[PDB]
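Structure first, commentary second.
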């Protein structure tokens, strides 16, 4: 059973450059030289559920799909969306999809989009013949317990939202394969407390520093690098292609050094084939870095018929997910 | 394709009585007489991921399953688990399942278990022939920003965890059907009057529901909820291939007797003896574990034997209305 991507959409607010951040004293001058970043998309007071609604509407309106025809809604995120005891997917269920679908919030850090693609693809295959599913990501890091500039090491957090409409019937693109491996031994990399949940602020740099200070074996990082290449080898094998067939690579919007060494230099591909130039100005958009990169490559016409995109992403777990999207025809909105 | 329940497991800490709560001044005497609840399961400083790890291991060890053969892990929850920027399923991934599965956190209030059963059933059907999936729920409502006694109207929150092991191959029970309808017009019931800022304030569903009734009393939202409550039960029974007469027991949430009787049992036209209220009232509302822990208790004690059916009914944020039917084929391999 084939799973086709009918359409994709996003919402990106106004970008704040690093030169501005350096002047006010939010971002460091040395870090601006160390990480050659462009900027970060800042929403401000716009809720993340609203940003997801804008991205979902564009994806639906692009291909001319009916919101009621959807059989699944997967809202993914890595940070608080709204009030506690209330999930964000009901907002899209009210103002778009309708209450005759399976709406459910996914959470797996920045790799939540990859897991949603697996669950959505499995849901469509098991379901009826004419099926369709909506997968969306959205986050607003402009909050009290999150500093977009200094929280994450090697990247600047950004606000926005990504969307994608999967379907059983033929479309412009096709999801060939998508995997998700993990190194659970390095699960302490993204924490350092578990008795009391909320209260303290977020800072991945200190949590990574605390994890690096003490390890039982400490061959986690190397097994993480092994499992980075393993999941890519597995995804390409399932998709039925080689690394030579890959046209572009969609890694997260981390520092130029990190994107070069960990992703592109590991696979043995040039930095021109990455989505770094575009991604640098946007920053790390939670779990929307590869779908917004796919959107930009598809919409502009850089990724034409016959080409393959290699979506890769490492997140908390540490979980390493890889996906392969093939463009069959040109997009109906380009 | 048939989706069988291989086994089920749970964890329930020491139950604090309602009479104790009235003496200390946490729970009012009026609500004690009105709701007629027994008590609530209270964990001290035990994390919810640990509580899920107990329930997961129990369900796995009961049927003699090996954790690595699982092809899916669905961790569901209604409230915070641990540190932010870190999901709880990785804890079970290290100390049980392993990093060769699709681990992912589900969130849909108290009906998150029902949605996980749909996604797990669909994942097993679409996947290979021999398959198995672990679905688990776990929550700890022990403050700061959550008063277990006064937060929820008509129910006392309780700590614990519920587990269930789905599979393609034959088992002791069978998941006949499971669905989830929603009335998105009443999504502001649990939101109330505050969206821009995410955190800082405490959770209090009574004031959130109270604020919604002012907005409602200024479209027929509540009648739609009551309509779609009976609709999802009708369609789940129709999908399962049975009638309401075939239902032996019913598993509703552990809310007050007045709520459990009127909204669920009186609505379906069944007696309160057929509910799981006598057992559930002691434990309280276990986030999204009320129906599976009720499934567990009925299975191991021998009250729900071969040929019987269990009608799991839920109502959560959305407002989402989920219903499921579980048929016991043979006696459990662990009782």
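Please verify whether residue B:278 is under 19 Å from the mean Cα position of the chain (by Cα), over 16 Å from residue B:110 (Cβ atoms) and surrounded by fewer than 13 Cβ atoms within 10 Å (Cβ to Cβ), treating the condition exactly as stated.
In short, yes.
Check off (1) within 14 Å of chain A (Cβ to nearest Cβ); (2) farther than 24 Å from residue B:293 by Cα for residue B:229 and give me the number that stays unchecked.
Of everything listed in (1) within 14 Å of chain A (Cβ to nearest Cβ); (2) farther than 24 Å from residue B:293 by Cα, residue B:229 misses just condition (2).
Which one of A:32, A:7, A:21 is assigned to a strand (DSSP E or B) and either more than 30 Å from residue B:191 (Cα to Cα) or outside the structural domain of residue A:90 (by CATH) (or both)?
A:7
Yes or no: residue B:211 surrounded by 14 or more Cβ atoms within 10 Å (Cβ to Cβ), in a helix (DSSP H, G or I) and in contact with a helix residue (DSSP H, G or I) (Cβ under 7 Å, 6 or more places away or on another chain)?
It is false that residue B:211 is surrounded by 14 or more Cβ atoms within 10 Å (Cβ to Cβ), in a helix (DSSP H, G or I) and in contact with a helix residue (DSSP H, G or I) (Cβ under 7 Å, 6 or more places away or on another chain).
Out of the residues in the stretch B:130-151 that are buried (at least 24 other Cβ atoms within 10 Å of the Cβ) and in a loop (DSSP other than H, G, I, E, B), which is farthest from the other protein chains (Cβ to nearest Cβ)?
Filtering the stretch B:130-151 for residues that are buried (at least 24 other Cβ atoms within 10 Å of the Cβ) and in a loop (DSSP other than H, G, I, E, B), the one farthest from the other protein chains (Cβ to nearest Cβ) comes out as B:148.
Determine which single condition residue A:217 fails, assuming it passes every other condition in (1) over 26 Å from residue A:176 (Cα atoms); (2) part of a helix (DSSP H, G or I).
Only one criterion in (1) over 26 Å from residue A:176 (Cα atoms); (2) part of a helix (DSSP H, G or I) is unmet by residue A:217, namely (2).
Just a yes or no: is a residue in the stretch A:53-65 closer than 23 Å to residue B:189 by Cα, in contact with a helix residue (DSSP H, G or I) (Cβ under 8 Å, 6 or more places away or on another chain) and assigned to a helix (DSSP H, G or I)?
Yes; the residues of the stretch A:53-65 include at least one that is closer than 23 Å to residue B:189 by Cα, in contact with a helix residue (DSSP H, G or I) (Cβ under 8 Å, 6 or more places away or on another chain) and assigned to a helix (DSSP H, G or I).
Can you find a residue in the stretch A:104-120 that is touching a strand residue (DSSP E or B) at 6+ places or on another chain (Cβ under 9 Å), within 25 Å of residue B:114 (Cα to Cα), more than 7 Å from every other protein chain (Cβ to nearest Cβ) and part of a loop (DSSP other than H, G, I, E, B)?
yes
Being more than 28 Å from residue A:150 (Cβ to Cβ) and assigned to a helix (DSSP H, G or I) is the filter here; which residues of the stretch A:239-273 pass it?
Answer for the stretch A:239-273, where residues must be more than 28 Å from residue A:150 (Cβ to Cβ) and assigned to a helix (DSSP H, G or I): A:239, A:243, A:244, A:245, A:267, A:272, A:273.
Being assigned by CATH to the domain that holds residue B:313, under 13 Å from residue B:313 (Cβ atoms) and assigned to a helix (DSSP H, G or I) is true for just one of B:278, B:231. Which residue is that?
Matching residue, one of B:278, B:231: B:231.
Any idea which of (1) in a helix (DSSP H, G or I); (2) at the interface with chain B (Cβ under 9 Å from one of its Cβ atoms) is the one residue A:196 doesn't satisfy?
Condition (1) is where residue A:196 drops out.
Kindly indicate which of B:173, B:177, B:163, B:182 is surrounded by fewer than 23 Cβ atoms within 10 Å (Cβ to Cβ) and touching a strand residue (DSSP E or B) at 6+ places or on another chain (Cβ under 7 Å).
B:177
Scan the stretch A:300-315 and give yes if some residue there is in contact with a strand residue (DSSP E or B) (Cβ under 9 Å, 6 or more places away or on another chain) and either assigned to a helix (DSSP H, G or I) or assigned by CATH to the domain that holds residue A:34 (or both), otherwise no.
No, because not a single residue in the stretch A:300-315 is in contact with a strand residue (DSSP E or B) (Cβ under 9 Å, 6 or more places away or on another chain) and either assigned to a helix (DSSP H, G or I) or assigned by CATH to the domain that holds residue A:34 (or both).
Working only within the stretch A:167-193, note down all residues that are within 14 Å of chain B (Cβ to nearest Cβ) and under 30 Å from residue A:14 (Cβ atoms).
A:190
Within the stretch B:281-295, count every residue that is surrounded by 24 or more Cβ atoms within 10 Å (Cβ to Cβ) and in a helix (DSSP H, G or I).
Number of matching residues: 7.
Given the options B:99, B:127, B:154, name the one that is surrounded by fewer than 21 Cβ atoms within 10 Å (Cβ to Cβ) and within 12 Å of chain A (Cβ to nearest Cβ).
B:127
So which of B:93, B:87 is at the interface with chain A (Cβ under 9 Å from one of its Cβ atoms), in a loop (DSSP other than H, G, I, E, B) and surrounded by 24 or more Cβ atoms within 10 Å (Cβ to Cβ)?
Criteria check complete, one pass: B:87.
Would you check which residues across the stretch A:51-80 are surrounded by fewer than 24 Cβ atoms within 10 Å (Cβ to Cβ) and at the interface with chain B (Cβ under 9 Å from one of its Cβ atoms) and list them?
A:79, A:80
Positions of Cβ are backbone-derived with ideal geometry, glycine not excepted, and every protein chain shown enters the neighbour counts. What is reported rests on the model, the rules as stated and the sources as named; nothing here is a laboratory result.
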